[PDB]
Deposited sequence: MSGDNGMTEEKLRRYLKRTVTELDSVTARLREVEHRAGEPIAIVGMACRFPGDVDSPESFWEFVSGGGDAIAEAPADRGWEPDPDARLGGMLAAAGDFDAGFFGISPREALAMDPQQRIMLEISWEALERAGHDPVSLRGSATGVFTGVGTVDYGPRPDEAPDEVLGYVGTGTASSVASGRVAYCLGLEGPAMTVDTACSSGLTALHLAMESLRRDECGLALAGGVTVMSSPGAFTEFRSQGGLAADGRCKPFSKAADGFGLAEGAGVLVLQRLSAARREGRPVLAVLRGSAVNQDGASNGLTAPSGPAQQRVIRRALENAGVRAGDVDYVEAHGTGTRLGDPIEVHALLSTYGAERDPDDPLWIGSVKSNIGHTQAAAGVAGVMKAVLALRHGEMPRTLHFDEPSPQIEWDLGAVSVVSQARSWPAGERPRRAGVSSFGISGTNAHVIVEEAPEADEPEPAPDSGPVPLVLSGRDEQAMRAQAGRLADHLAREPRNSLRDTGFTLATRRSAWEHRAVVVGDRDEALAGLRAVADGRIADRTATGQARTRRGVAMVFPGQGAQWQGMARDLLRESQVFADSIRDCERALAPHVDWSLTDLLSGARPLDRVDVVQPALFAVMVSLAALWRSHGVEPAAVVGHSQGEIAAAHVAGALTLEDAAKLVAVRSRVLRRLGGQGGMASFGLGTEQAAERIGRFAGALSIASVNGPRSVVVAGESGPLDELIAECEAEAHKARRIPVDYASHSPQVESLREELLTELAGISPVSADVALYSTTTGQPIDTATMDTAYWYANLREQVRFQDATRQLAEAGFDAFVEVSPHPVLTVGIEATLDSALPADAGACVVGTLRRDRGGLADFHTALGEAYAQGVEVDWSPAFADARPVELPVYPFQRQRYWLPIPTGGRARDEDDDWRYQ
């Protein structure tokens, strides 16, 4: 029996895998598609969705004279229509395109690139992240009229003539530049092209040809062909203006434009937390077929497509509150359109609550292949702003139309009620191919910060900064933390970089300064280069200051836990509290106190760096700093290393009052000759750069040296220290160190370690007690180790200290070694009186600004994304006439 209950179990589990399977399929097959980003270029200086909505709800009329710049033949009868302010302007370099090829490029190809990039940004992607993805591209292109014919083109531009004007390339070139690998195609269906495209993408996503899709359309009138052809037979308003459904309809008005939508499976966008601007729910495409003429509309067909659309959307006619009509202001067409609406959407109505109707063609003109994409944007923007804008140029309603179904003449309201709101959008093509799609409102959702920003060039970076300032200012509801998070995780990191750190008041001013070419406190600025090989430097004396990370101790957890781990390890070997010591901001005179403290702080600073994704490919230490570098490398346990520095320093107390040390701005030879005269009383303690050396020995013999030097313009800094290491005075302590350092467990390490003691880079199992005596006795030789790393192809040096002290030496050593103005950089961590996170973020910012890979995320826990301005294209005009 029991087996034939567990037999039920798995038999029921098959049966369940299958039912939910069938739903999945069927659900997927009609799944709503989310419009997740947009971007446009319309008449009226429209370059954003924000601008489009301003222009339209504002009741803008864009119709005007055709620009002079195109090299059009003059005409007695001025050419009126909806033109694009800067149709020939393009940032070619951004896209890897030579000036020569950009010149042979159909403006329609160019614009598409720009806006495709913009739209993915607004969708929440760093578009570079999408290279190699299966993203689709579906573009509606009607006419191309840009080039001269191959047969009369300048020889300069001949390679790029065909490819630069071929309709297929409007699609493909987007795929080739953003490295997309889904299907890419250009669709021609005249006016409805734009929706044909959109429909094709929806179906592509529903079948899984891709996860993501770019659906758009473009028309740019490079020549006055259309004017000529329409001024031939009838159709153009003398006004240049579209008066949809009015008494006063003359004919349509020619225009140009471009629009894109990032489309994604609704469920997929929810899972990834992308913003849903609106949902497309179903669409349909048909032909009017046997009409009265090739270019005649046919209402019966228009009706048929409204129904197929609604069948597909799974929506009822009466549920749609508004329609974005074709509405071209034609004498034949407007009536036909309205009658087809009346007997579809209107049949299912009260008089008491009619269908509402508009046309953006009253604002921007007949934008042709883009018209439709133009209509879907208006519809989306209307669903997001709760308002139906004015349809311009409405005399009286047209007396050719037999009027459920009204036109919106004064701007109306459209608020979120019980039902979702939806809109239909239609565009009907001159060649007979009609399209209608159904749009729904989006369904329901829900200290200091480093702001990181980039430009392909220096001016772009500065534009980036200014627009971020404007955005932040005109939008105090936006979290600073989400703004930084988005900037860090969802924007491309270009060559010229800036990092502005601080709270909101500071974040604003830092950005405005970056914009105006100035630098505010805590800003990092640089040019990135690929960096492979982070060497962490670990210095010794001269890196302490009375505060030392009082603030960082409070403001960072990674740092404070590291420290805790230290106070625990040094507990046995030392009798004072690390924390009381740092938190208190207590004096740091004693050797037996300073050195282990510096050890903890520097190890703790290393932990922070690693938590922000910066890992050492090698480590170099300096005197005491080799203990930290040894631990960080992995050659020592914290317990070992802690004991080591605690013991070293306890013993070193024995030399107290018997010598001093001082740094001098000269070379080993210079110093070697000068010092030779005191036979043995002084020794060179370290050589840190071609013109920097420490000398150690008996004070008096030292003072004569310090005195003599200042009297000849030599750098000669007392180190505030009462002993003299790296000198023959250390033979006294040889016994005691070998005695109670014994029991140390060195291990070969993951990371390279370039010994200063030895002079070579080493297997770190070498570092027995015998080694550690030598580190205190023998001369340091940091200059030597620097060169070895330089020569070994390290390009990034991070001086992991509370104050930079070897930084300057290092750069001088790299002047003398690396190919001048090729590469390597040097970067510190904290600085005197500059502890606390913000200043660590500024040190990250410097490393990052020069091309170190940093993981910024730890500075933004939680932190959803947020909508930011778009890349500021550095444009130039390219235009080839006829």
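What the model leaves out of the deposited chain are the segments 1-8, 412-414, 458-465, 902-917.
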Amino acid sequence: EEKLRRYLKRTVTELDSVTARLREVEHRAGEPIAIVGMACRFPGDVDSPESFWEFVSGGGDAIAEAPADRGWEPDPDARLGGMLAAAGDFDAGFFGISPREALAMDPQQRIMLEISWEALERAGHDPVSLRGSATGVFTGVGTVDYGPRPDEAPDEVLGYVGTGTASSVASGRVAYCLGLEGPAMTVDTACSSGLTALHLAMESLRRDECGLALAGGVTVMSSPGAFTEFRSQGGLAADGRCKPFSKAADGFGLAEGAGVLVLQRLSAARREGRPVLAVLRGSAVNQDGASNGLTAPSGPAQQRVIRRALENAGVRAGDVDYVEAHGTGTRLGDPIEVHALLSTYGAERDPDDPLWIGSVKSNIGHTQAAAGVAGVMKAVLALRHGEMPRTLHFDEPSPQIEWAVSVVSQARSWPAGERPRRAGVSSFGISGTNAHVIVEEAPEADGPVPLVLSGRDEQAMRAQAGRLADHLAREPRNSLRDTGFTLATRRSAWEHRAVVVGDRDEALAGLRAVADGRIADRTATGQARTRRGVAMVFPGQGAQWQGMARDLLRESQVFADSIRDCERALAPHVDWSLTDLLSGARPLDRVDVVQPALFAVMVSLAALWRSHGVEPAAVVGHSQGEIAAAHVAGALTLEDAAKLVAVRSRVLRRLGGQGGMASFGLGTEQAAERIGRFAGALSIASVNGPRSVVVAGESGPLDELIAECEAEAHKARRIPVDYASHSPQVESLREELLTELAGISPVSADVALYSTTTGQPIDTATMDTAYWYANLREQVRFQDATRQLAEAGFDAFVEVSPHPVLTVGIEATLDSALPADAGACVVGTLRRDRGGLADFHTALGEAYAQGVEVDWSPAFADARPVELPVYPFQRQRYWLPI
From here on, numbers count along this sequence of modelled residues.
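Of the two segments examined, 681-689 and 394-402, it is 394-402 that shows the higher average Cα temperature factor in the deposited entry. Taking the PDB entry as given, 347-355 carries the higher mean Cα B factor of the two stretches 347-355 and 105-113. When the C-alpha B-factors of 161, 215, 776, 598 are read from the PDB record, the largest value belongs to 161. Among the modelled residues of the chain, residue 847 sits in the middle third by CA temperature factor in this PDB entry. Among the modelled residues of the chain, residue 188 sits in the lowest third by CA temperature factor in this PDB entry. Residue 165: CA B factor lies in the lowest third for its chain, per the PDB record. Residue 577 sits in the highest third of its chain by CA B factor, as recorded in the PDB entry.
Sort the modelled residues of the chain by CA B factor and residue 512 lands in the middle third.
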